[PDB]
Amino acid sequence: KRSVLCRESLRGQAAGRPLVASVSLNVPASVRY
Amino acid sequence: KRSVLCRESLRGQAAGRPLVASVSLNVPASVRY
Amino acid sequence: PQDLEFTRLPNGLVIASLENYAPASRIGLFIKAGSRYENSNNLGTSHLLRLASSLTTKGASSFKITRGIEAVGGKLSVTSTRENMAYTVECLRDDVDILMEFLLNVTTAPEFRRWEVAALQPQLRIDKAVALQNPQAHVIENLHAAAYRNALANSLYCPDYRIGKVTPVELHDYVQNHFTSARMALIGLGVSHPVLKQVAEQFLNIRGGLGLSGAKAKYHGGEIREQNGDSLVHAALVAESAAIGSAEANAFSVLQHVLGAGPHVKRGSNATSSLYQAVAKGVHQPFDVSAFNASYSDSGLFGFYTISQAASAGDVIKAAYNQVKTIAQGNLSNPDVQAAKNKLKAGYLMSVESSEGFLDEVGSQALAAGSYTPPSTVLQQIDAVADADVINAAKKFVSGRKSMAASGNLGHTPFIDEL
Amino acid sequence: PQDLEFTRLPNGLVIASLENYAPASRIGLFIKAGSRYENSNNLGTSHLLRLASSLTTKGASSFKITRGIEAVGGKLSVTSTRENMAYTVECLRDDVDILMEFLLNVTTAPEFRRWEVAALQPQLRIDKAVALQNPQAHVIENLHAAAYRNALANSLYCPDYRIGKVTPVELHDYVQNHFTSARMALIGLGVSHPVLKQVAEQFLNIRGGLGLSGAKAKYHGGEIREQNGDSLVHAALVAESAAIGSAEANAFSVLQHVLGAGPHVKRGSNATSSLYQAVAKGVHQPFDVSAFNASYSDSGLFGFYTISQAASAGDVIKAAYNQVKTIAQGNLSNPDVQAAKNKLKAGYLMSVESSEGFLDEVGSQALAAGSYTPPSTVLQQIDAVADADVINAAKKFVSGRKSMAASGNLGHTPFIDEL
């Protein structure tokens, strides 16, 4: 968990073709937009 | 868990004054309507 | 022999008493704190309070309190609803005094120790877990939270994310603001009123106005849907009933019964139940369904409950609706209202044919009205309902903002727009 | 040097190729199975499918697969969305062949063995837990299930109750129906098309029509609210966007950007973002907000996303609305549309400035259209948007069925009737 206290917040989702694209890879792993 | 396969089902809630009354007692314990 | 005896004090707490014949006396202090008294920041503190009734208090250590009641074979039940919180106390005629001094400690002298309250915490999960075993509980709960927005949509059971986070100051503050004189009603089933009062006067004089929790009512049509893997699906459909102890309300109650399907016969099917008939005809073999009817101080919820299978969910659900539409189209013959009535009357009487029943009924009334309405009078009121009145109330469900809650495989569960 | 080269076969699977200069080649078979292809009984299956990429298959054992790609330093990514499922495969120029034969087994020869699939199961929880750490995912998910009813309302992560219940015939069935020829599009970033085709022809010829899962779209306004203990609250407000690759859509996108607040500067605040300005003025010091814009084949979702603190939730939420209402009232000057546009255009180009980006863009297009639209053309389309057009679209959010999702302390989060 990372503290979200300041002005820094800049997370909201909206890309061109991909939207909420979840990766699962044999090595790495993640969640994007 | 108790199987609820037959005609027997007869549970639905509606009493006079009390409605969805939950008891916690030092000895016994339960959930009524 | 002697009938009850209410008495409102200067504080505004109510007290009753009935020296009965039989060996068993039962006190019960009903404090007005339901689950509707918590906010977003206070949710789940009644729940914990309910479960902390054996903790150390000012005059009696948790050990004494439990071993004490054991000593004597008593029971201490702490029941609560969305509007009230009955603190029951049973025991033998001769031991009420030992027991009462326990109820008093538990309720006016709670000492929520960081360490003690901390051990409990986990009990909440265990308690929640066992109560959520009956689909009824989570659906019924979900119902309240969708149909209300603010106060009565708070559930009885602590929210998963709050469990360990219910702090001592929280309990201490809830007691302080809600467990007060104006909201309380003593009630004895085998105690002397003269000696009850004395005690009530000596121990129940605490100040605290209403709504330091944030009292207020409001209804809001909404739908909470819980998908599962279970064959069966439960769903509730409910619109604002009439309020508590009001004519409209009463009406609803009577209508409720015209459709209301709580089997009066073991292994028996209802011939009386319209809903059941109607549903039944358009429905499959295995299913079950019942009229739901809730009434609280500042709003109600009336409508029905269903238990179908995956692909019947809709059929049942609509079927039920349609039938309740029928009554609201006006179609309802006199014969059925009178049966209903007599069904209800019978019911209420049986409800109060027990000590525990009576003691609840009495306290209950104490918190609403401020006195005890006798049964007879009660009975008259229900009878006054008009055969039309019923229809009229029913008109209101069909033409009242809908609010539904279902569980199970929801491929075949109508949404708001579906019905 | 050589530009891409699409080719639809008799099966209907597309394939492209670009012999680039640089050392790294990347294939990626995009099959048309998204989350939207599961039913009440099949939910959570793509998820597991996504996580089960390294299991034994007909020609290569889980061990060889993994150890094999490691051997050469390759990566195998298996990415999915609500609509599609890209199976990426990176490696060194020389090793494509060893790698390709891996991609082909994984995708056309999966062997879900009771024992293997079973040990995976628990991975689902671990994966769900790690992606549910970003409020964005649970809200954004909650959004899609509120706003839809049936198909796209299905979430990407397996439902808690389903986890261990994901059975091997499920996986086998899902592959069989959805991982087929008509729904596939090969894409190479450093491979020969001539040799690509041959392979495609030899290994990608399987039959399976669409919608054996239950394809179809539908939008339904609804609200999913998740109470928390966290200071901050996130909520999404969104109305049926325009569909994928259509003019209306495109318009939305441009509009999106006029309000759209994805910082282009580190530690920098937007001057351009209307939403941000308007919100900002009526809002407190700490807060953040941005324009949300989703587009799928048979429906879209446009609106905004907010992150406010407990008491500020509404103020921000309405603020943002009010501002987007302004554009819908007509109030929008030419100077801002052109900026927007250029913002968009610059973004789409940077989106495709990378191998990974390009490869996605291309496959993506192959599942929608059936061919590759070049950038330029793309750029032209976005420019064609009228300054009015934008307004008009906007007019549609304000006058289009609302659908919201929030998380955190919801004392101060407007409901549907609130705004």
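Please treat every number below as a calculation from the coordinates, not as lab data. Neighbour counts are summed over all protein chains in view; Cβ atoms, including those assigned to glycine, are modelled from backbone coordinates with ideal geometry.
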The answer for trypsin sites (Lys or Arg not before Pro) in chain A that fall in a DSSP coil and have at most 15 neighbouring Cβ atoms within 10 Å is A:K1, A:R2, A:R7, A:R32
List the distances, in nm to one decimal, from the label point of C:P168 to the label points of the same position in every other copy, shortest first, placing each label point 7 Å from Cα along the Cα-to-Cβ direction.
5.6
Quick check: the distance between the Cα centres of region D:44-82 and region C:398-419, to the nearest angstrom?
41
Residues in region C:18-59 reached by a label modelled at C:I98 [backbone nitrogen below 17 Å; 7 Å Cα→Cβ]
C:24-27
Assume the label is 7 Å from Cα along Cα to beta carbon: what separations in nm does D:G211 have to the matching positions in the other copies?
5.5
Rounded to the nearest 500, what is the 222 nm mean residue ellipticity of chain C from helices alone, with -39500 (n - 2.57) per DSSP H run of 4+ residues and division by all residues?
-13000 deg cm²/dmol
What number, in nm² with one decimal, is the all-direction average of the projected area of the convex hull of the alpha-carbon atoms of region C:61-143?
7.1
Net charge, C:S308 excluded, C-beta distance under 12 Å - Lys, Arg +1, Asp, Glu -1:
-2
Which residue in chain A puts its Cβ closest to the axis that rotates chain A onto chain B, and at what distance in whole Å?
A:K1, 18
Once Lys and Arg get +1 and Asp and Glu get -1 on their Cβ, which of C:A366, C:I140, C:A86 lies farthest toward the positive end of the dipole of chain C?
C:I140
I'd like the orientation of helix D:313-329 relative to chain D: the angle between its Cα long axis and the longest Cα principal axis, in ° from 0 to 90, rounded to 10.
90
Computed on alpha carbon atoms, what radius of gyration and Dmax characterise region D:219-419, expressed in Å?
17.2, 50
Region C:264-330 and region C:177-205: distance between their alpha carbon centers, rounded to Å
42
Would you mind listing the distances between the D:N392 label point and the same position in each other copy? Use 7 Å along Cα-to-C-beta, nm, one decimal, shortest first.
5.3
Quick check: the angle from helix C:122-131's long axis to the longest principal axis of chain C, C-alpha only, nearest 10 degrees?
30
